[PDB]
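Here's the structure, in structure tokens; my notes come after.
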Amino acid sequence: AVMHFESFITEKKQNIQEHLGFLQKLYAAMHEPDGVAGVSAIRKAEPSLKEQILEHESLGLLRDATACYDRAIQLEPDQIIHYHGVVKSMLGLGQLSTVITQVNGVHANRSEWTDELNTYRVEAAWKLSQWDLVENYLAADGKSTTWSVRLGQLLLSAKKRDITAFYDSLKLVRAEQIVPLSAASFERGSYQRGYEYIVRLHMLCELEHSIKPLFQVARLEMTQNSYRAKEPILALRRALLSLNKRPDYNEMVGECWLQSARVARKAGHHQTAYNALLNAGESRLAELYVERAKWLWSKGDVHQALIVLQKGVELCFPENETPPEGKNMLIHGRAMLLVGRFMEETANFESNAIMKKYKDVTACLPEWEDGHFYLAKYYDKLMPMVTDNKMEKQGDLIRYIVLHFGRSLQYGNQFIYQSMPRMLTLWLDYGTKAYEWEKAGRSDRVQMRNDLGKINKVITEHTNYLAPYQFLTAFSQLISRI
Amino acid sequence: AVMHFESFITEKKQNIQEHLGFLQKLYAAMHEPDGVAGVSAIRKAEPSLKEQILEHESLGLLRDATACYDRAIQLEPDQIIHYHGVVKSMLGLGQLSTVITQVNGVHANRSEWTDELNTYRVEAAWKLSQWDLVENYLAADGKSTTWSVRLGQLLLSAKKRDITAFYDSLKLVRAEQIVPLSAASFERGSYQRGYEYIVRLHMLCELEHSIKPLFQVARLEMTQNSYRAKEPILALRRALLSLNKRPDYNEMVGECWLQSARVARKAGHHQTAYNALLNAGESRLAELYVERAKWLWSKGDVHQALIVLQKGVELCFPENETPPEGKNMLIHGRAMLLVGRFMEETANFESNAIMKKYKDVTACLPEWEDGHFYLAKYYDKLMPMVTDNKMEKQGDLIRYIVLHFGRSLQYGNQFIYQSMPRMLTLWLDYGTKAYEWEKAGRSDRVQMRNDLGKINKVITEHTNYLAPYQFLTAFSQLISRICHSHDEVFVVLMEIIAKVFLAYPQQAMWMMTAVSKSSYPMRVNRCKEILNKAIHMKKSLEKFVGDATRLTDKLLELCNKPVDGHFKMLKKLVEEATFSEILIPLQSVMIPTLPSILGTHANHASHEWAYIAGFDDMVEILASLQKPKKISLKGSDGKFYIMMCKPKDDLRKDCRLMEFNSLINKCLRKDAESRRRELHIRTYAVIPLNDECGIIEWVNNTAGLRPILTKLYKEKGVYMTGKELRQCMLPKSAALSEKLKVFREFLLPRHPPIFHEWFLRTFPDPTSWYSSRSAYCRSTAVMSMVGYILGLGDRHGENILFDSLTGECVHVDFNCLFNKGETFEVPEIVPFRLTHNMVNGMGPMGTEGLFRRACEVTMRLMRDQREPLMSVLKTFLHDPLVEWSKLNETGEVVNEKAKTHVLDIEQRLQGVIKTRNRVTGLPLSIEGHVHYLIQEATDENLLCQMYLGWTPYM
């Protein structure tokens with residue numbers, strides 16, 4: 001189509017806003033969401049039912065989704081699609097038990113069909129503890145099939161064990177879901193298009209390597225291991241992550257209710273980036289009391305992403321709930337009790353908390369851990385913020401007191417990386433060309449030559465701490481300053 | 001309960017976060033939402049479903065509502081409230097035709113009932129085009145005890161006309177709104193709690209006064225004309241505004257369907273302010289395509305509101321769907337099809353559309369319009385950007401180009417005004433001095449006098465056009481630079497202020513007085529000229545001209561008698577008591593203060609109030625180591641008004657603040673976050689007479705803080721050793737660490753909770769106690785912040801009075817201004833007085849209760865209106881008849897630190913504090929900026945370094 005479509009527009013140039021609204025559909029069902037946003041860049045009517053729905057499924061926004069679908073019901077009866085995208089948007093905010101109330105309000109009209117029972121009411125308590133409807137709304141069972149739907153029967157067959165029929169039900173659908181990625185396989189990101197179904201595939205082995213120890217032994221391929229190598233679009237990764245939660249509820253003690261909440265965090269860990277922001281509104285709220293420190297920690301990251309940093313900062317002092325004032329012997333709980341004390345260093349932004357405070361606290365944190373990447377890289381950069389507006393640039397004692405902490409941090413690190421060993425080798429040569437003009441026309445070399453030697457003690461350490469593989473990036477710059 | 005709650009903390013300290021969870025109930029049903037957030041700001045678990053719901057349903061931020069509900073279902077059954085609260089938010093985001101489905105889900109489930117049929121599912125198509133379920137969902141009908149539900153009975157019956165039940169079900173429900181407001185009407189401004197049911201009154205009547213043609217000929221009580229009457233809160237308005245959508249389709253062609261959009265337009269008109277931002281997503285779409293120019297305008301306003309100003313500007317060129325380039329003759333569209341052409345005002349401050357295009361595209365529009373009050377008022381402000389951006393400040397022909405569009409603009413206008421007549425006269429008079437700086441020693445005198453002479457011509461033109469009514473607003477500032485030594489400037493100012501003083505001179509009798517009688521003779525010799533050419537056309541007015549002088553001559557001798565060793569009118573003020581045939585108005589802080597006008601009624605200018613009519617009996621005379629004097633005046637209508645002679649310093653300072661607070665109080669009136677809290681600064685007029693002094697409007701029912709700090713505190717004993725109480729209080733070189741200790745060792749003498757108990761022991765119980773505290777916070781926090789942004793200092797224990805009845809806060813002694821309290825001997829670095837005693841009045845969990853939330857609205861409405869507030873204070877910074885007490889001939893120079901002080905309010909109302917050193921800019925948020933400046937009170941680190949005559953220990 002689009003081969004011949006925009007070829008048509010170049011010869012006999014019947015310009016586009018006449019021939020316009022068809023062209024969305026070409027971009028639409030291809031799922032080429034970049035193009036659909038390009039449509040409204042040129043459209044000079046912005047008029048209609050379909051088109052103003054059709055852009056919104058490409059916008060990625062899901063706040064005002066329900067409004068646009070409400071406008072269809074203002075103008076139309078059922079016509080499945082419109083109601084069908086309502087509950088999507090309800091699931092866009094993840095609104096399970098309300099969708100359970102939204103269930104029968106189609107079938108007190110039986111509004112042309114059963115299909116929305118057959119799609120998300122088939123679901124809703126899929127993503128919830130309940131199964132009762134999900135058992136029973138699976139009644140048509142052939143006019144039901146979607147990604148979730150036969151997938152629905154898996155956990156019903158996990159709540160009704162049926163060892164042959166369970167393994168049948170994997171081998172029922174697992175191949176059938178590859179048929180969409182079994183398209184004409186061109187290496188132009190053949191993997192890339194791909195990826196939703198690949199992740200959809202990636203679900204299913206994480207059933208098998210997890211359900212077996214409840215079912216008859218395979219312990220490993222734990223429910224978070226492979227996660228750390230995934231694409232954080234998170235319009236995509238959520239399709240893991242809720243379904244990643246409940247096998248720990250389909251499993252048991254071992255404290256189910258810890259990790260169910262702990263996975264429900266990581267919804268928000270990648271809802272703060274890649275926004276779709278309003279469904280963070282349950283990312284906080286998909287928890288009860290488990291591990292308040294990390295839970296209130298990411299609750300700051302709504303605020304740090306959204307607007308108000310003080311409501312971040314203030315709500316980063318029911319940090320003080322999580323254990324205050326000694327008693328600290330909680331090393332793993334410590335290991336992110338202190339990470340929250342690095343995102344009290346938000347309010348470098350919100351100034352007038354005093355200079356020395358963060359200079360206390362984010363120096364009170366490298367008391368603790370001394371590997372553990374997150375310590376000093378901030379505690380570096382806050383200092384040369386000040387050394388700018390300090391004395392410039394002869395008495396620079398804190399050259400020394402900084403360049404521990406690129407090094408002696410990256411000692412323990414490898415990761416928040418690329419900026420720093422520039423600055424380490426920069427401040428070593430920000431060091432320099434004061435000196436030859438202290439050598440030429442000054443005599444304030446008194447401490448500074450010695451302080452260079454103080455710096456020179458620090459280099460030799462970490463150039464024998466750090467493997468030179470991790471010197472390799474700014475190694476080019478080392479060739480510069482021969 | 002609340003009366004007996006904070007009392008329960010003071011004695012018998014059940015500590016707060018222990019007993020805290022009960023207390024949020026007490027704000028909840030009482031619709032006292034500002035309690036809840038601060039109370040939740042002390043609780044450390046945020047534990048329940050319901051309390052977080054109670055947090056949520058108080059604040060009413062409705063976008064994230066269903067998340068609170070969805071977990072609440074996931075622990076619970078029906079328990080009606082939760083599902084009952086779901087559909088609130090559903091109608092809260094107006095998701096109506098989805099609620100229609102969301103009705104019928106509970107029929108099959110029966111989550112304990114199907115009673116929520118009767119609650120909201122009654123409505124759903126109460127807005128929407130159906131009514132047929134509404135026919136059917138009327139099934140319980142004794143279980144219909146709800147506002148809209150019984151209201152829902154009407155339009156079913158109103159289409160099937162039902163002449164009997166038409167009026168009768170009104171006077172059913174007409175009573176059924178009043179029975180709650182028929183609570184016993186305690187007159188503390190009860191009207192405002194109030195207001196929803198009064199809105200609910202105004203709901204009904206536009207049905208009744210418009211069904212009449214189809215009910216059986218008129219259709220009056222015009223729905224859009226009555227629409228200007230109410231608050232733009234929109235959390236209260238929209239229920240009317242939805243109802244104003246409703247009978248539009250009942251009436252018909254005549255283009256019904258204009259209004260269905262245009263009320264949906266005026267839905268989303270008031271939704272940019274007072275957010276409910278995503279609910280405006282429906283406002284954008286609860287519409288038709290009617291008048292797409294006026295529609296495509298509106299969508300960018302959310303984007304001027306929400307985040308991105310680009311997209312609206314990008315959406316401002318499908319504006320050119322609606323016709324550019326021909327087809328221009330669309331006069332009724334040209335009412336608003338050009339308004340959007342202004343509303344690339346948005347595009348002004350996302351830079352880089354080039355300068356002259358904005359100079360084009362704006363200044364196109366009066367040449368499209370010429371009336372149209374907003375005409376150059378935006379085009380105004382681009383020009384003084386360019387002036388400092390040009391040569392500073394010699395060759396400024398744009399001054400001439402500006403002030404047309406100051407002036408000739410405003411003959412069209414009435415309203416968006418207050419910012420300009422400053423700048424009219426300011427950049428007139430800020431022209432002026434540089435011309436004598438050419439007449440000092442420069443060479444462009446041949447140009448610039450004629451250029452000023454051109455500028456001088458621009459003035460007198462529009463003053464003949466404009467009524468003096470608009471000049472009355474800036475009238476003190478018009479007085480403020482009479483000491484032009486310049487050529488025609490004063491000569492125009494003669495014919496300015498004459499034509500001002502020709503009308504409404506009675507208020508302006510007073511303001512001549514303080515400059516007419518100052519030592520400062522260059523004023524005074526010039527002052528009596530200013531009378532004369534005005535006197536030249538007064539003839540009837542000229543007695544009161546003589547009389548007011550002859551008043552104030554005796555009123556000097558008020559403050560020039562008190563050498564006396566309690567004395568009388570009848571002893572010495574017999575001259576005053578001799579009083580025949582003089583009517584002069586009694587200073588009436590309401591009525592020198594100038595309500596402006598909307599609505600194209602040119603001009604009529606009116607105020608709404610009395611003359612002297614004798615005096616009181618005698619003068620009670622305070623000592624205060626100064627001998628001031630309680631003098632009443634008895635008024636025309638028997639209302640005794642009580643005045644103070646004062647033997648102190650200048651009051652011309654304090655004059656302008658009484659302008660200024662009222663100007664704020666105007667804007668505090670116009671927005672109603674303030675009015676839901678009912679806050680105002682108590683103004684009271686101070687009319688100076690000399691640079692010695694003039695007169696204070698005393699307020700009765702009043703007592704200072706230190707005498708309140710005596711009384712019950714005496715009953716528990718006042719530590720009265722004085723300088724022995726101030727033993728270790730050395731100068732600065734003594735350690736604040738030590739000064740902590742002497743404070744902390746003698747904190748334990750000074751007990752807090754009396755301020756709660758004063759607020760008990762002199763007060764009756766039932767509820768009059770309560771709103772008195774809702775005064776007491778919301779009083780103090782405003783003039784806290786207003787005092788902060790005006791940097792006032794030295795709020796003494798005798799500087800702050802309170803009503804015996806309402807307990808509103810009262811601020812006197814406005815001498816210790818901007819950073820004079822930081823220029824001071826012991827420099828006050830405390831931003832405003834709020835000691836621990838000031839806390840414990842609005843006591844335990846008043847601590848940061850309403851007061852924070854009150855303080856939010858202040859700064860918000862401050863940082864809303866920067867510039868229409870701002871440069872009043874520039875005139876106040878550049879009023880040269882002001883202190884610097886310090887005599888000479890060439891008086892009234894300049895507050896030389898003004899240009900510094902110009903900054904010293906700008907960043908504070910940019911939300912940028914002093915640039916705590918070696919750090920950047922980064923403006924705070926408002927709800928940010930408050931909490932920092934709150935702890936600036938309880939900075940005992942700072943507070944022990946405070947001057948002790950100010951009594952921070954108190």
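Quick note on naming: the chains in the structure tokens go A, B, ... in the order shown, residues restart at 1 in each chain, and ligands are numbered from 1 in order of appearance.
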
| field | Interface list for chain A, partner chain B, 7 Å threshold, only C-alpha atoms, as a ChimeraX atom specification | value | /A:44,64,67,70,73-74,95,97-98,101-106,108,278,281-282,308,310,318,321,349-350,352,386,389

Could the residues in this selection be saved with C-alpha atoms as a PDB file, in the first residue's frame?
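Printed below is result-v7.pdb as written:
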```pdb
ATOM      1  CA  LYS A  44      -6.210  20.486   8.985  1.00  0.00           C
ATOM      2  CA  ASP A  64      -7.541  10.865  28.321  1.00  0.00           C
ATOM      3  CA  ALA A  67     -12.719  10.305  27.405  1.00  0.00           C
ATOM      4  CA  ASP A  70     -16.687   7.909  26.026  1.00  0.00           C
ATOM      5  CA  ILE A  73     -20.681   6.000  23.268  1.00  0.00           C
ATOM      6  CA  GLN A  74     -21.961   9.547  23.024  1.00  0.00           C
ATOM      7  CA  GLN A  95      -8.450  -1.147  37.149  1.00  0.00           C
ATOM      8  CA  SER A  97     -11.925  -4.903  40.389  1.00  0.00           C
ATOM      9  CA  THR A  98     -13.654  -1.910  38.841  1.00  0.00           C
ATOM     10  CA  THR A 101     -18.029  -4.088  38.173  1.00  0.00           C
ATOM     11  CA  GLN A 102     -17.728  -3.053  34.519  1.00  0.00           C
ATOM     12  CA  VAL A 103     -18.381  -6.712  33.566  1.00  0.00           C
ATOM     13  CA  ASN A 104     -22.091  -7.200  33.632  1.00  0.00           C
ATOM     14  CA  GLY A 105     -22.979  -3.740  32.329  1.00  0.00           C
ATOM     15  CA  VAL A 106     -22.549  -5.070  28.860  1.00  0.00           C
ATOM     16  CA  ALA A 108     -27.441  -6.357  30.959  1.00  0.00           C
ATOM     17  CA  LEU A 278      -0.990   7.841  35.850  1.00  0.00           C
ATOM     18  CA  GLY A 281      -1.045   5.754  40.836  1.00  0.00           C
ATOM     19  CA  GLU A 282      -1.381   2.039  41.544  1.00  0.00           C
ATOM     20  CA  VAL A 308       6.833  18.738  43.269  1.00  0.00           C
ATOM     21  CA  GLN A 310       9.384  18.888  48.272  1.00  0.00           C
ATOM     22  CA  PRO A 318       8.930   8.881  56.586  1.00  0.00           C
ATOM     23  CA  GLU A 321       9.904   5.478  59.893  1.00  0.00           C
ATOM     24  CA  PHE A 349      17.404  21.065  42.938  1.00  0.00           C
ATOM     25  CA  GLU A 350      15.274  22.422  45.785  1.00  0.00           C
ATOM     26  CA  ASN A 352      17.985  26.191  50.752  1.00  0.00           C
ATOM     27  CA  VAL A 386      31.162  24.549  44.718  1.00  0.00           C
ATOM     28  CA  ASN A 389      32.114  29.410  42.909  1.00  0.00           C
TER      29      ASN A 389
END
```

| Exercise: region 423-432 of chain A partners within 10 Å, only C-alpha atoms, chain neighbours under 5 positions left out, as a list in words | residues 380, 381, 384, 393, 394, 396, 399, 400, 402, 403, 404, 405, 406, 407, 418, 437, 438, 448, 449, 451, 452, 455, 456, 459, 474, 475, 477, 478 and 481 of chain A

| said: With only C-alpha atoms as the counted atoms, please give the residues lying no more than 8 Å from region 444-453 of chain B, apart from itself and same-chain residues fewer than 4 positions off, as a PyMOL selection string. | reply: chain B and resi 395+397+400+431-432+435+438-439+457+488

| request: Run DSSP on the backbone of this structure and report the residues of region 153-317 of chain B it assigns to helix (DSSP H, G or I), as a PyMOL selection string. | output: chain B and resi 153-159+163-181+190-192+195-215+226-229+238-248+256-269+277-283+292-305+309-315

| said: Give me, as a VMD selection string, all polymer residues having an atom no more than 7 Å from region 226-241 of chain A, counting only C-alpha atoms and skipping those fewer than 2 positions away in the same chain. | reply: chain A and resid 196 203 224 243 to 245 267 270 274

| message | Can you tell me which residues surround region 154-170 of chain A at a distance of at most 12 Å, considering only C-alpha atoms, apart from same-chain residues fewer than 6 positions away, and format the answer as a ChimeraX atom specification? | response | /A:122-123,125-138,147-148,176-177,201,203-208,210-212,214-216,243,246-247,249-251

Please produce a file of those selected residues containing N, CA, C and O atoms, as a short mmCIF file (atom, residue, chain, number, x, y, z; two decimals), in the first residue's frame.
```cif
data_model
loop_
_atom_site.label_atom_id
_atom_site.label_comp_id
_atom_site.auth_asym_id
_atom_site.auth_seq_id
_atom_site.Cartn_x
_atom_site.Cartn_y
_atom_site.Cartn_z
N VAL A 122 -12.79 -12.40 30.89
CA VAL A 122 -11.85 -13.51 30.84
C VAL A 122 -10.60 -13.14 31.61
O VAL A 122 -10.13 -13.93 32.44
N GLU A 123 -10.07 -11.94 31.39
CA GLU A 123 -8.94 -11.57 32.20
C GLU A 123 -9.36 -11.22 33.61
O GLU A 123 -9.36 -12.10 34.47
N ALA A 125 -9.70 -10.70 36.65
CA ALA A 125 -9.13 -11.41 37.78
C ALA A 125 -8.05 -12.40 37.38
O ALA A 125 -7.54 -13.10 38.25
N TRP A 126 -7.73 -12.52 36.10
CA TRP A 126 -6.43 -13.04 35.69
C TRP A 126 -5.31 -12.31 36.40
O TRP A 126 -4.44 -12.93 37.02
N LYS A 127 -5.34 -10.99 36.36
CA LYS A 127 -4.34 -10.20 37.04
C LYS A 127 -4.65 -10.01 38.52
O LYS A 127 -3.93 -9.26 39.19
N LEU A 128 -5.67 -10.67 39.04
CA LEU A 128 -6.05 -10.57 40.43
C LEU A 128 -6.02 -11.98 41.01
O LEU A 128 -5.68 -12.93 40.30
N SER A 129 -6.26 -12.10 42.31
CA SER A 129 -6.29 -13.40 42.97
C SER A 129 -7.43 -14.29 42.48
O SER A 129 -7.24 -15.50 42.36
N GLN A 130 -8.60 -13.70 42.21
CA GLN A 130 -9.82 -14.47 41.94
C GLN A 130 -9.74 -15.28 40.66
O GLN A 130 -8.91 -15.01 39.79
N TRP A 131 -10.59 -16.29 40.55
CA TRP A 131 -10.57 -17.21 39.43
C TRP A 131 -11.99 -17.55 39.05
O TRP A 131 -12.23 -18.17 38.01
N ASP A 132 -12.92 -17.17 39.93
CA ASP A 132 -14.29 -17.69 39.90
C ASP A 132 -14.99 -17.30 38.62
O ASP A 132 -15.50 -18.16 37.89
N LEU A 133 -15.01 -16.00 38.34
CA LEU A 133 -15.46 -15.51 37.05
C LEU A 133 -14.61 -16.08 35.93
O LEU A 133 -15.13 -16.50 34.90
N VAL A 134 -13.30 -16.13 36.15
CA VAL A 134 -12.35 -16.52 35.11
C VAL A 134 -12.53 -17.99 34.75
O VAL A 134 -12.39 -18.37 33.59
N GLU A 135 -12.89 -18.81 35.73
CA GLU A 135 -13.43 -20.12 35.43
C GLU A 135 -14.68 -19.99 34.58
O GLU A 135 -14.80 -20.59 33.51
N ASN A 136 -15.60 -19.16 35.03
CA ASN A 136 -16.95 -19.26 34.52
C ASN A 136 -17.16 -18.42 33.28
O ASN A 136 -17.98 -18.77 32.43
N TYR A 137 -16.41 -17.32 33.14
CA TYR A 137 -16.51 -16.54 31.91
C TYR A 137 -15.83 -17.28 30.78
O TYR A 137 -16.13 -17.05 29.60
N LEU A 138 -14.91 -18.18 31.11
CA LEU A 138 -14.50 -19.19 30.17
C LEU A 138 -15.59 -20.24 30.07
O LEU A 138 -15.53 -21.29 30.71
N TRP A 147 -4.46 -13.47 23.39
CA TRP A 147 -3.22 -13.76 24.11
C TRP A 147 -3.45 -14.23 25.53
O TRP A 147 -2.83 -15.19 25.98
N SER A 148 -4.37 -13.59 26.23
CA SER A 148 -4.56 -13.90 27.64
C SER A 148 -5.43 -15.11 27.85
O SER A 148 -5.49 -15.64 28.96
N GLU A 176 1.27 -21.75 18.85
CA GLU A 176 0.27 -20.97 18.12
C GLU A 176 0.53 -19.48 18.21
O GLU A 176 0.09 -18.72 17.35
N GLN A 177 1.28 -19.05 19.21
CA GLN A 177 1.63 -17.67 19.42
C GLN A 177 2.87 -17.26 18.65
O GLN A 177 3.26 -16.10 18.70
N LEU A 201 6.62 -14.99 24.29
CA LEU A 201 7.21 -16.31 24.44
C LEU A 201 7.95 -16.44 25.75
O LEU A 201 7.82 -17.46 26.43
N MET A 203 7.46 -15.35 28.58
CA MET A 203 6.55 -15.71 29.66
C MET A 203 6.58 -17.20 29.95
O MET A 203 6.65 -17.63 31.10
N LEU A 204 6.52 -17.99 28.89
CA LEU A 204 5.96 -19.32 29.04
C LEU A 204 6.95 -20.30 29.62
O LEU A 204 6.55 -21.21 30.35
N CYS A 205 8.24 -20.15 29.31
CA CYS A 205 9.23 -20.97 30.00
C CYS A 205 9.30 -20.62 31.47
O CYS A 205 9.56 -21.50 32.30
N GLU A 206 9.02 -19.37 31.81
CA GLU A 206 8.97 -18.96 33.20
C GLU A 206 7.76 -19.50 33.92
O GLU A 206 7.68 -19.38 35.14
N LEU A 207 6.80 -20.06 33.20
CA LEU A 207 5.84 -20.94 33.85
C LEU A 207 6.49 -22.27 34.20
O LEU A 207 6.50 -22.68 35.36
N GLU A 208 7.07 -22.92 33.19
CA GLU A 208 7.50 -24.31 33.33
C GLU A 208 8.64 -24.46 34.32
O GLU A 208 8.60 -25.36 35.17
N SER A 210 8.98 -22.88 36.91
CA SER A 210 8.48 -22.37 38.17
C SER A 210 7.36 -23.19 38.76
O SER A 210 7.18 -23.18 39.98
N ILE A 211 6.58 -23.87 37.93
CA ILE A 211 5.36 -24.50 38.42
C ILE A 211 5.63 -25.93 38.85
O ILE A 211 5.02 -26.41 39.82
N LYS A 212 6.57 -26.61 38.19
CA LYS A 212 7.09 -27.92 38.55
C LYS A 212 7.38 -28.19 40.03
O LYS A 212 6.99 -29.26 40.51
N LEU A 214 5.84 -26.99 42.52
CA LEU A 214 4.53 -27.12 43.12
C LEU A 214 3.79 -28.35 42.64
O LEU A 214 2.72 -28.67 43.16
N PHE A 215 4.33 -29.03 41.63
CA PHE A 215 3.51 -29.83 40.76
C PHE A 215 3.88 -31.30 40.80
O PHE A 215 3.15 -32.13 40.25
N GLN A 216 4.98 -31.64 41.46
CA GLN A 216 5.41 -33.02 41.65
C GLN A 216 5.99 -33.20 43.04
O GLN A 216 6.94 -32.50 43.41
N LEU A 243 1.88 -10.64 35.44
CA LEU A 243 1.89 -12.09 35.39
C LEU A 243 3.13 -12.67 36.05
O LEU A 243 3.12 -13.83 36.45
N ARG A 246 1.90 -13.05 40.49
CA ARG A 246 1.05 -14.11 41.04
C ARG A 246 1.54 -15.56 41.05
O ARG A 246 0.88 -16.36 41.73
N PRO A 247 2.55 -16.02 40.28
CA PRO A 247 3.06 -17.36 40.60
C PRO A 247 3.66 -17.43 41.97
O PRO A 247 3.57 -18.48 42.61
N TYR A 249 2.22 -15.88 44.26
CA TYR A 249 0.98 -16.14 44.97
C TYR A 249 0.40 -17.49 44.59
O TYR A 249 -0.34 -18.10 45.37
N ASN A 250 0.76 -18.01 43.42
CA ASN A 250 0.37 -19.38 43.16
C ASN A 250 1.28 -20.34 43.91
O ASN A 250 0.85 -21.43 44.30
N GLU A 251 2.53 -19.94 44.16
CA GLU A 251 3.33 -20.55 45.21
C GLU A 251 2.93 -19.91 46.54
O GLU A 251 1.96 -19.15 46.63
#
```

| message | Applying 6 Å and only C-alpha atoms, which residues near residue 798 (chain B) remain after dropping the ones on its own chain fewer than 4 positions away? List them as a VMD selection string. | response | chain B and resid 704 to 706
